[PDB]
Every structure is written in C-alpha cells, then in structure tokens.
Amino acid sequence: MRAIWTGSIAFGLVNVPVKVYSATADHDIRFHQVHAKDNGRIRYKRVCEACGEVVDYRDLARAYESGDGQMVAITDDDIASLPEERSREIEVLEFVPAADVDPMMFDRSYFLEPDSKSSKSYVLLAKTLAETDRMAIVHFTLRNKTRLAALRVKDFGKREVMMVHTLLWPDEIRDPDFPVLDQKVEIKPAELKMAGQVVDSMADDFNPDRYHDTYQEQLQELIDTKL
Amino acid sequence: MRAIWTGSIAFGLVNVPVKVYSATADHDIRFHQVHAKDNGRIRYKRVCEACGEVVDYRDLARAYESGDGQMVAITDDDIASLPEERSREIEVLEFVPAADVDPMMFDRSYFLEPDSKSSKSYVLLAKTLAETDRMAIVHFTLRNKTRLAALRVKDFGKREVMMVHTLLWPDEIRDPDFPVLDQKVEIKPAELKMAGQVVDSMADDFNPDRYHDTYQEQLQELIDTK
DNA sequence: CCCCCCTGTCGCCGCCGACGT
DNA sequence: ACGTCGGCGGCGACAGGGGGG
C-alpha cells in the first residue's frame with residue numbers, strides 16, 4: 001500500500017494533488033530459483049555470445065532488430081525528442097459521459113487520494129463529476145511511459161474516491177474478422193426456446209465471495225505444511 | 001491470426017468447440033540487448049553463488065523464500081496435486097446478468113471461434129446470451145494456470161461473436177483505506193455552480209479516432225529514418 | 001509438419017516514507 | 001521546514017516450453 005505517484009489533475013488552473021495507488025495486488029506467490037545441489041543462490045551474468053566475455057550493464061547498447069536483422073543504438077536524443085515525460089501532471093484532456101468508454105479498453109485501475117491539505121478541491125471535483133455523471137479522460141506518465149487513461153468517480157458509501165482507468169490506444173484493440181460466422185446459420189424456431197430453460201436452470205446472481213483460487217490456497221496450505 | 005489454444009465450452013451435457021484468440025496486440029517495439037564493443041547479441045548464463053559455476057536450466061532447482069528467508073526446496077510431483085488445470089475446457093459455472101461485473105475486475109479480452117465445420121451450437125448460444133442478456137461466468141484455464149473469467153456477447157459489424165473476459169479474484173481488489181476523505185468540508189452552493197460551469201465548459205464526446213501515442217509514432221519515424 | 005507467444009525470472013532504476021536536524 | 005537513508009515496485013529483456021498448422 002505504498003504510493004507510486006504524486007502529481008496533480010490540471011485542466012487549466014485547478015491542480016488538485018493526487019497520490020496514485022495500485023488498485024490490484026496479486027496475492028499469487030512468486031518463487032525463487034536456486035542451485036539446490038550445492039545450495040547456491042542463482043544470479044544472471046550478461047555474457048557476449050560472439051566475443052564471449054562477461055560485461056556490465058552500462059556497456060550493452062539497447063539495440064533493435066528489423067526484418068533485415070539490423071542493430072541501431074538508441075541515443076539520448078530519442079529521449080529528448082518527446083518532452084511529455086518531463087511533466088508530473090495528469091493533464092486532463094476532455095470531460096465526456098462515462099457511457100462512451102467500452103469495457104474492451106480498460107487495462108488497469110488506480111485510486112487517487114489527495115494531499116491532506118488540498119482535500120477541498122479533491123472532494124469538490126469528485127462531487128461535481130458524480131452529480132453531472134462525466135468521464136474525465138486524461139493522460140498519464142508513470143516511469144517515462146505515456147499511457148492514455150480515464151478518470152471516473154465511484155462512490156464507496158462512506159467515502160467517494162475518483163479513480164483512473166488506464167486505456168488501450170483505440171488502434172491496439174483487435175477487430176474480429178471471422179468468416180465462419182458470416183455464413184448463414186439456420187435454426188428452427190422451437191430449437192431456440194429450449195436453450196432458455198437450460199440457461200435459466202443455472203441462472204444466479206454474481207457474488208464475489210464464492211469464487212476463490214483453489215490452486216493458490218492449496219499451495220499456501222502446502223507450503224505451510226512444508227515449514 | 002494465431003490461436004493461443006483450442007478447447008471447448010462444457011457445462012453438463014452441453015458442449016461446443018471454441019478457438020480462443022488474442023484480442024489486444026500491443027504494437028510497442030521490442031528491442032534486443034547488444035553491446036557496442038563487438039555488436040553481438042547478449043547471452044545470459046545462470047551462475048551459482050555458493051559453487052561459483054554455471055548451472056543448467058535442468059540442473060537448476062526451484063525454491064521459495066518465506067518471511068524468515070529460509071530456503072524451501074520444492075518438488076514438481078507434490079505441486080501438481082491439483083487436477084483442474086489439466087482440463088482443456090472452459091467449464092462454465094453459472095449464468096449472471098451482464099451488468100453485474102464492475103469494470104474493476106476485467107483483466108484481458110479474448111475472442112472466440114467455433115472450431116468444427118458446423119457452428120450451430122455456438123451461434124445458438126450467442127443468440128440466447130444476447131436475448132436473455134446474461135453473462136456466463138467460467139473457470140477459464142490456460143497454460144496450467146487457472147484464472148476466473150466471464151463469457152459475454154457483443155456484435156462487431158458482421159458477426160455476433162462472443163468473448164471471454166478474464167477476471168481478478170475478488171480478494172485481489174484492494175480497498176481505499178484512506179481516513180483523509182471521510183472528513184466533511186464546509187462547501188458553498190456558489191462553489192458548486194462555478195465548478196459545474198468550468199467542468200461542463202470543457203465537456204465533449206468521445207472521439208477515439210484522434211487518440212494516438214505520440215511517443216510511439218515518434219520512435220517509429222526515428223527508426224524509419226535510421 | 002511448424003515457429004509464435006504466454007509465463008516466470010532477473011536485474012535495474014526510480015520513487016516513496018520515516019528519522020533526524 | 002528540510003536533508004538522509006533504506007526499502008519497494010514498475011518494466012525491459014531473456015529463457016523455456018506449449019500448441020498453435
């Protein structure tokens with residue numbers, strides 16, 4: 001629960017401080033390699049494949065291979081070309097209704113909480129967004145990588161926090177080009193009505209509590225057994 | 001495109017072959033580690049702390065570190081006690097209304113394709129899902145890592161293809177533990193009026209066609225020149 | 001028949017939170 | 001208020017293996 005950001009929503013001259021937080025913590029256990037035979041921990045050393053000598057991180061040049069198997073070293077001017085990462089602000093772009101963003105695009109979510117002193121503007125903006133029911137699409141620059149996103153409010157009963165849902169660039173989302181479904185499919189009318197009771201026989205209400213990763217809990221119990 | 005796997009939905013008697021595909025391909029450019037002195041692609045060697053020698057992938061042992069840091073030598077036979085991952089079926093569990101999954105949980109989107117020469121069952125399932133307007137929650141499994149998902153249908157121009165959206169285990173979604181907002185701040189109606197004025201002055205409608213990553217295009221042009 | 005893409009590691013840099021002045 | 005210090009986490013790259021042609 002340690003922050004990752006400290007910027008400010010800024011559409012004009014507003015600049016409400018916000019502390020971005022990771023909204024999805026993976027309880028999945030990450031293991032570690034080791035040379036158990038001799039009881040020796042493992043480390044990775046970068047070694048030349050052709051010249052065959054170990055090297056340090058500095059020497060290796062970030063290189064790109066094209067269809068011709070070329071290699072170009074990326075210099076500092078590539079960083080200098082885009083100045084957008086130099087900004088520590090979530091530069092709001094536009095305000096749109098929340099219904100205009102499909103669930104196809106959502107990629108990740110973070111929770112924004114403010115600097116304790118500037119709570120007034122935070123709550124005022126969140127209240128205005130909730131009352132007028134508006135998306136607030138923004139930009140986002142975390143660790144020098146500009147990702148589109150969307151800022152939308154969400155009441156939590158006692159408190160109402162606004163959150164940022166990162167978005168995939170509209171071009172990235174793939175388009176389904178499947179000719180099999182295009183060919184005509186004919187179904188007799190009495191056939192369709194049968195499936196209704198089939199699905200209705202299993203209908204229910206989505207409850208988060210019931211579902212749980214049996215694999216992970218079993219692994220946790222097993223490792224507890226090992227110790 | 002290229003399928004990630006090819007299984008078949010299954011809830012009791014019902015069955016239907018499906019052919020999943022990747023629906024989010026990131027065209028961000030992958031580079032390779034090279035060093036100027038010789039311009040040779042880097043190579044990685046697994047090297048041993050205690051014994052100070054290269055130790056193969058096969059000769060490498062997996063382990064775990066707990067709070068105390070004590071190493072734990074794990075074995076493959078014991079971990080594999082779970083038999084579900086061996087299943088190659090999208091074993092549907094229940095059917096629920098589509099509007100009962102908040103956008104918090106959606107993780108990845110995957111297309112579906114009927115496999116057999118006949119897609120009658122697939123089309124019928126898509127039609128019933130579209131009519132009744134109910135999501136179908138499934139225990140999607142892939143690459144021996146079972147992960148909860150949900151089946152939903154959405155038309156794309158020419159087809160009524162249905163898609164499976166992976167989901168986050170509800171215990172994964174954190175909560176906003178923040179005692180800084182529960183405090184109530186005095187506010188004035190004029191403040192709300194001016195705030196609404198400023199907010200709606202900049203209001204507009206979503207036009208995704210004009211949204212692109214400037215950095216990616218800049219890098220593409222730079223590499224094209226080089 | 002296959003070569004691509006998940007998945008897991010590793011190492012690294014960059015950033016935050018508390019202690020002390 | 002301001003300066004130090006240690007720790008935590010995105011992420012870029014590689015390696016391995018599966019299941020797709």
# chains A, B, ... in the order shown; residues from 1 in each chain; ligands from 1

$ residues_around --residues "residue B:16" --least-positions-apart "6" --cutoff "12 Å" --atoms "only C-alpha atoms (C1' of nucleotides)" --output "JSON, numbers by chain"
{"B": [6, 7, 8, 9, 10, 89, 90, 91, 92, 112, 113, 114, 115, 116, 117, 118, 119, 120, 121, 122, 123, 124, 125, 126]}

$ interface_residues --of "chain B" --to "chain D" --cutoff "12 Å" --atoms "only C-alpha atoms (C1' of nucleotides)" --output "ChimeraX atom specification"
/B:1-7,19-21,28-34,41-46,56-58,142-144

$ interface_residues --of "chain A" --to "chain C" --cutoff "9 Å" --atoms "only C-alpha atoms (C1' of nucleotides)" --output "MDAnalysis selection string"
chainID A and resid 2:5 30:33 43:44 57 143

$ write_last_selection --atoms "N, CA, C and O atoms" --output "PDB file, in the first residue's frame"
ATOM      1  N   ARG A   2       2.019   1.166  -0.659  1.00  0.00           N
ATOM      2  CA  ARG A   2       2.959   2.274  -0.758  1.00  0.00           C
ATOM      3  C   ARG A   2       2.779   2.968  -2.101  1.00  0.00           C
ATOM      4  O   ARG A   2       2.727   2.309  -3.144  1.00  0.00           O
ATOM      5  N   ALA A   3       2.690   4.295  -2.067  1.00  0.00           N
ATOM      6  CA  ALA A   3       2.296   5.057  -3.238  1.00  0.00           C
ATOM      7  C   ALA A   3       3.288   4.861  -4.383  1.00  0.00           C
ATOM      8  O   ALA A   3       4.375   4.303  -4.225  1.00  0.00           O
ATOM      9  N   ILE A   4       2.876   5.331  -5.563  1.00  0.00           N
ATOM     10  CA  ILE A   4       3.695   5.278  -6.766  1.00  0.00           C
ATOM     11  C   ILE A   4       3.728   6.607  -7.500  1.00  0.00           C
ATOM     12  O   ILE A   4       4.316   6.690  -8.580  1.00  0.00           O
ATOM     13  N   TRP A   5       3.116   7.655  -6.956  1.00  0.00           N
ATOM     14  CA  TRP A   5       2.931   8.889  -7.703  1.00  0.00           C
ATOM     15  C   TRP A   5       2.652  10.029  -6.740  1.00  0.00           C
ATOM     16  O   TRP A   5       2.218   9.819  -5.604  1.00  0.00           O
ATOM     17  N   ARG A  30       5.326 -15.586  -5.766  1.00  0.00           N
ATOM     18  CA  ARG A  30       6.431 -15.604  -6.716  1.00  0.00           C
ATOM     19  C   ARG A  30       7.601 -16.340  -6.077  1.00  0.00           C
ATOM     20  O   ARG A  30       8.021 -16.001  -4.965  1.00  0.00           O
ATOM     21  N   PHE A  31       8.119 -17.344  -6.775  1.00  0.00           N
ATOM     22  CA  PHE A  31       9.125 -18.234  -6.212  1.00  0.00           C
ATOM     23  C   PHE A  31      10.520 -17.659  -6.440  1.00  0.00           C
ATOM     24  O   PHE A  31      10.690 -16.504  -6.837  1.00  0.00           O
ATOM     25  N   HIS A  32      11.542 -18.473  -6.182  1.00  0.00           N
ATOM     26  CA  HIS A  32      12.926 -18.079  -6.391  1.00  0.00           C
ATOM     27  C   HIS A  32      13.727 -19.303  -6.803  1.00  0.00           C
ATOM     28  O   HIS A  32      13.555 -20.385  -6.237  1.00  0.00           O
ATOM     29  N   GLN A  33      14.600 -19.125  -7.790  1.00  0.00           N
ATOM     30  CA  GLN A  33      15.465 -20.201  -8.239  1.00  0.00           C
ATOM     31  C   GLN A  33      16.668 -20.346  -7.309  1.00  0.00           C
ATOM     32  O   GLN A  33      17.042 -19.420  -6.586  1.00  0.00           O
ATOM     33  N   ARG A  43      22.303 -16.196  -9.912  1.00  0.00           N
ATOM     34  CA  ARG A  43      22.358 -14.840 -10.438  1.00  0.00           C
ATOM     35  C   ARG A  43      22.634 -14.907 -11.932  1.00  0.00           C
ATOM     36  O   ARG A  43      23.205 -15.880 -12.430  1.00  0.00           O
ATOM     37  N   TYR A  44      22.224 -13.862 -12.643  1.00  0.00           N
ATOM     38  CA  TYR A  44      22.355 -13.795 -14.091  1.00  0.00           C
ATOM     39  C   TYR A  44      23.501 -12.862 -14.456  1.00  0.00           C
ATOM     40  O   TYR A  44      23.578 -11.738 -13.948  1.00  0.00           O
ATOM     41  N   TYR A  57      26.295  -3.790 -17.112  1.00  0.00           N
ATOM     42  CA  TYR A  57      25.047  -3.289 -17.682  1.00  0.00           C
ATOM     43  C   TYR A  57      25.285  -2.073 -18.571  1.00  0.00           C
ATOM     44  O   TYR A  57      24.615  -1.904 -19.596  1.00  0.00           O
ATOM     45  N   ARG A 143       6.828   6.531 -14.764  1.00  0.00           N
ATOM     46  CA  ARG A 143       8.142   5.957 -15.061  1.00  0.00           C
ATOM     47  C   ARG A 143       8.471   6.066 -16.548  1.00  0.00           C
ATOM     48  O   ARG A 143       8.958   5.120 -17.171  1.00  0.00           O
TER      49      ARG A 143
END

$ atom_distance --atom1 "atom CA of residue B:24" --atom2 "atom CA of residue B:164"
12.7 Å

$ select_by_dssp --residues "stretch 58-123 of chain B" --states "strand (DSSP E)" --output "PyMOL selection string"
chain B and resi 61-65+71-73+89-90+92-97+109-111

$ select_by_dssp --residues "stretch 17-224 of chain B" --states "alpha helix (DSSP H)" --output "ChimeraX atom specification"
/B:76-79,120-132,189-201,214-224

$ write_last_selection --atoms "N, CA and C atoms" --output "compact mmCIF listing (two decimals), in the first residue's frame"
# COMPACT_ATOMS: atom_id res chain seq x y z
N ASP B 76 8.22 -31.15 -7.98
CA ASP B 76 7.20 -30.99 -9.01
C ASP B 76 6.01 -31.90 -8.77
N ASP B 77 6.24 -33.12 -8.28
CA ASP B 77 5.15 -34.07 -8.11
C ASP B 77 4.12 -33.57 -7.10
N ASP B 78 4.58 -32.95 -6.02
CA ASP B 78 3.67 -32.51 -4.97
C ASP B 78 2.80 -31.35 -5.46
N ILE B 79 3.41 -30.38 -6.13
CA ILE B 79 2.66 -29.19 -6.55
C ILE B 79 1.56 -29.57 -7.52
N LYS B 120 -23.42 -24.42 -35.33
CA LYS B 120 -24.82 -24.26 -34.92
C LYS B 120 -24.93 -24.02 -33.42
N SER B 121 -24.25 -24.83 -32.61
CA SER B 121 -24.34 -24.67 -31.16
C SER B 121 -23.76 -23.33 -30.72
N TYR B 122 -22.63 -22.94 -31.31
CA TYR B 122 -22.02 -21.66 -30.96
C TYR B 122 -22.97 -20.50 -31.27
N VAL B 123 -23.58 -20.51 -32.46
CA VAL B 123 -24.48 -19.44 -32.84
C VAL B 123 -25.70 -19.42 -31.94
N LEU B 124 -26.24 -20.59 -31.63
CA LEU B 124 -27.41 -20.66 -30.76
C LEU B 124 -27.09 -20.12 -29.37
N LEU B 125 -25.92 -20.48 -28.83
CA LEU B 125 -25.52 -19.97 -27.52
C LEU B 125 -25.36 -18.45 -27.56
N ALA B 126 -24.73 -17.93 -28.62
CA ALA B 126 -24.59 -16.48 -28.74
C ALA B 126 -25.94 -15.80 -28.79
N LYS B 127 -26.88 -16.36 -29.56
CA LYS B 127 -28.21 -15.76 -29.66
C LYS B 127 -28.93 -15.76 -28.32
N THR B 128 -28.90 -16.88 -27.59
CA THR B 128 -29.59 -16.93 -26.31
C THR B 128 -28.95 -15.96 -25.31
N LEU B 129 -27.62 -15.87 -25.32
CA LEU B 129 -26.95 -14.92 -24.43
C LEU B 129 -27.34 -13.49 -24.77
N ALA B 130 -27.40 -13.16 -26.06
CA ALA B 130 -27.78 -11.81 -26.47
C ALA B 130 -29.22 -11.50 -26.06
N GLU B 131 -30.12 -12.47 -26.22
CA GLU B 131 -31.52 -12.23 -25.90
C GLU B 131 -31.73 -12.10 -24.39
N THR B 132 -31.38 -13.15 -23.64
CA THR B 132 -31.61 -13.13 -22.20
C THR B 132 -30.77 -12.06 -21.50
N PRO B 189 -22.90 26.73 -2.14
CA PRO B 189 -23.55 26.45 -3.43
C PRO B 189 -22.93 27.19 -4.60
N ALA B 190 -22.45 28.42 -4.38
CA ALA B 190 -21.81 29.16 -5.46
C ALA B 190 -20.57 28.43 -5.96
N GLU B 191 -19.83 27.80 -5.04
CA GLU B 191 -18.68 26.99 -5.45
C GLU B 191 -19.12 25.87 -6.38
N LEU B 192 -20.21 25.18 -6.03
CA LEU B 192 -20.71 24.11 -6.89
C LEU B 192 -21.14 24.66 -8.25
N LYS B 193 -21.79 25.82 -8.27
CA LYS B 193 -22.23 26.40 -9.54
C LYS B 193 -21.05 26.71 -10.44
N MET B 194 -20.02 27.37 -9.89
CA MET B 194 -18.86 27.71 -10.70
C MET B 194 -18.10 26.45 -11.13
N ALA B 195 -18.02 25.45 -10.25
CA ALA B 195 -17.35 24.21 -10.60
C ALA B 195 -18.07 23.51 -11.75
N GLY B 196 -19.40 23.45 -11.69
CA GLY B 196 -20.15 22.87 -12.79
C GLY B 196 -19.96 23.65 -14.07
N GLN B 197 -19.94 24.98 -13.98
CA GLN B 197 -19.70 25.80 -15.16
C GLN B 197 -18.37 25.46 -15.80
N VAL B 198 -17.30 25.42 -15.00
CA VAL B 198 -15.98 25.16 -15.57
C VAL B 198 -15.91 23.74 -16.13
N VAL B 199 -16.50 22.77 -15.42
CA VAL B 199 -16.41 21.38 -15.86
C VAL B 199 -17.15 21.19 -17.18
N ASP B 200 -18.39 21.69 -17.26
CA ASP B 200 -19.18 21.48 -18.47
C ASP B 200 -18.73 22.38 -19.62
N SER B 201 -17.99 23.45 -19.33
CA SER B 201 -17.45 24.27 -20.41
C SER B 201 -16.50 23.47 -21.29
N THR B 214 1.88 9.63 -29.20
CA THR B 214 2.87 10.45 -29.90
C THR B 214 4.26 9.85 -29.79
N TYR B 215 4.61 9.32 -28.62
CA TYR B 215 5.95 8.77 -28.43
C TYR B 215 6.18 7.59 -29.37
N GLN B 216 5.19 6.71 -29.51
CA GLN B 216 5.35 5.54 -30.36
C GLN B 216 5.55 5.94 -31.82
N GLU B 217 4.74 6.88 -32.31
CA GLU B 217 4.90 7.34 -33.69
C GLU B 217 6.25 8.02 -33.88
N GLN B 218 6.67 8.82 -32.90
CA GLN B 218 7.97 9.48 -32.99
C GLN B 218 9.09 8.45 -33.08
N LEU B 219 9.04 7.42 -32.24
CA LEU B 219 10.07 6.39 -32.29
C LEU B 219 10.03 5.64 -33.61
N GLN B 220 8.83 5.37 -34.13
CA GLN B 220 8.70 4.69 -35.41
C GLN B 220 9.34 5.51 -36.53
N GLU B 221 9.07 6.82 -36.56
CA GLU B 221 9.67 7.66 -37.58
C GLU B 221 11.19 7.72 -37.41
N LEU B 222 11.66 7.80 -36.16
CA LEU B 222 13.09 7.87 -35.92
C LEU B 222 13.79 6.61 -36.42
N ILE B 223 13.20 5.44 -36.15
CA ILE B 223 13.80 4.19 -36.62
C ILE B 223 13.71 4.10 -38.14
N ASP B 224 12.61 4.59 -38.72
CA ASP B 224 12.49 4.59 -40.18
C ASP B 224 13.60 5.41 -40.81

$ residues_around --residues "residue A:166" --least-positions-apart "2" --cutoff "10 Å" --atoms "only C-alpha atoms (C1' of nucleotides)" --output "JSON, numbers by chain"
{"A": [105, 106, 107, 108, 109, 110, 137, 138, 139, 140, 147, 148, 149, 150, 151, 163, 164, 168, 169]}

$ residues_around --residues "residue B:185" --least-positions-apart "2" --cutoff "12 Å" --atoms "only C-alpha atoms (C1' of nucleotides)" --output "PyMOL selection string"
(chain A and resi 116-124) or (chain B and resi 180-183+187-188)

$ write_last_selection --atoms "N, CA and C atoms" --output "PDB file, in the first residue's frame"
ATOM      1  N   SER A 116      -3.316  15.913   2.107  1.00  0.00           N
ATOM      2  CA  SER A 116      -4.334  16.134   3.131  1.00  0.00           C
ATOM      3  C   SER A 116      -4.812  17.580   3.165  1.00  0.00           C
ATOM      4  N   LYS A 117      -3.948  18.533   2.813  1.00  0.00           N
ATOM      5  CA  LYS A 117      -4.325  19.939   2.915  1.00  0.00           C
ATOM      6  C   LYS A 117      -5.288  20.356   1.809  1.00  0.00           C
ATOM      7  N   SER A 118      -5.161  19.776   0.616  1.00  0.00           N
ATOM      8  CA  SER A 118      -5.953  20.173  -0.544  1.00  0.00           C
ATOM      9  C   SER A 118      -7.176  19.282  -0.745  1.00  0.00           C
ATOM     10  N   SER A 119      -7.756  18.770   0.342  1.00  0.00           N
ATOM     11  CA  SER A 119      -8.920  17.901   0.214  1.00  0.00           C
ATOM     12  C   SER A 119     -10.114  18.637  -0.379  1.00  0.00           C
ATOM     13  N   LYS A 120     -10.204  19.951  -0.169  1.00  0.00           N
ATOM     14  CA  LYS A 120     -11.389  20.689  -0.596  1.00  0.00           C
ATOM     15  C   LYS A 120     -11.609  20.558  -2.098  1.00  0.00           C
ATOM     16  N   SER A 121     -10.579  20.853  -2.892  1.00  0.00           N
ATOM     17  CA  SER A 121     -10.729  20.774  -4.341  1.00  0.00           C
ATOM     18  C   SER A 121     -10.960  19.339  -4.791  1.00  0.00           C
ATOM     19  N   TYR A 122     -10.292  18.383  -4.145  1.00  0.00           N
ATOM     20  CA  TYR A 122     -10.495  16.976  -4.474  1.00  0.00           C
ATOM     21  C   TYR A 122     -11.963  16.592  -4.343  1.00  0.00           C
ATOM     22  N   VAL A 123     -12.558  16.864  -3.179  1.00  0.00           N
ATOM     23  CA  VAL A 123     -13.941  16.456  -2.957  1.00  0.00           C
ATOM     24  C   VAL A 123     -14.885  17.263  -3.837  1.00  0.00           C
ATOM     25  N   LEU A 124     -14.590  18.545  -4.061  1.00  0.00           N
ATOM     26  CA  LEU A 124     -15.466  19.343  -4.913  1.00  0.00           C
ATOM     27  C   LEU A 124     -15.488  18.795  -6.336  1.00  0.00           C
TER      28      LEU A 124
ATOM     29  N   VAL B 180      -8.462  10.251   5.128  1.00  0.00           N
ATOM     30  CA  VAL B 180      -8.311  11.670   4.829  1.00  0.00           C
ATOM     31  C   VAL B 180      -9.531  12.262   4.128  1.00  0.00           C
ATOM     32  N   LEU B 181     -10.426  11.433   3.595  1.00  0.00           N
ATOM     33  CA  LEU B 181     -11.589  11.918   2.864  1.00  0.00           C
ATOM     34  C   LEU B 181     -12.873  11.829   3.678  1.00  0.00           C
ATOM     35  N   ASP B 182     -12.945  10.912   4.644  1.00  0.00           N
ATOM     36  CA  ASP B 182     -14.153  10.795   5.455  1.00  0.00           C
ATOM     37  C   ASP B 182     -14.488  12.101   6.163  1.00  0.00           C
ATOM     38  N   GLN B 183     -13.496  12.954   6.405  1.00  0.00           N
ATOM     39  CA  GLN B 183     -13.759  14.268   6.971  1.00  0.00           C
ATOM     40  C   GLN B 183     -14.667  15.067   6.045  1.00  0.00           C
ATOM     41  N   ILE B 187     -18.839  23.568   2.364  1.00  0.00           N
ATOM     42  CA  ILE B 187     -18.860  23.996   0.972  1.00  0.00           C
ATOM     43  C   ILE B 187     -20.042  24.932   0.760  1.00  0.00           C
ATOM     44  N   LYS B 188     -19.947  25.746  -0.300  1.00  0.00           N
ATOM     45  CA  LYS B 188     -20.974  26.727  -0.618  1.00  0.00           C
ATOM     46  C   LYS B 188     -21.614  26.422  -1.970  1.00  0.00           C
TER      47      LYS B 188
END

$ closest_residue --among "B:134, B:184, B:25, B:68" --to "chain C" --atoms "only C-alpha atoms (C1' of nucleotides)"
B:25

$ residues_around --residues "residue B:146" --least-positions-apart "6" --cutoff "8 Å" --atoms "only C-alpha atoms (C1' of nucleotides)" --output "ChimeraX atom specification"
/A:215 /B:84-85,139-140

$ atom_distance --atom1 "atom CA of residue A:145" --atom2 "atom CA of residue A:22"
16.4 Å

$ closest_residue --among "A:13, A:74, A:25, A:142" --to "residue B:105" --atoms "only C-alpha atoms"
A:25

$ closest_residue --among "B:163, B:135, B:18, B:36" --to "chain A" --atoms "only C-alpha atoms"
B:36

$ residues_around --residues "residue A:144" --least-positions-apart "6" --cutoff "9 Å" --atoms "only C-alpha atoms (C1' of nucleotides)" --output "VMD selection string"
chain A and resid 84 to 86
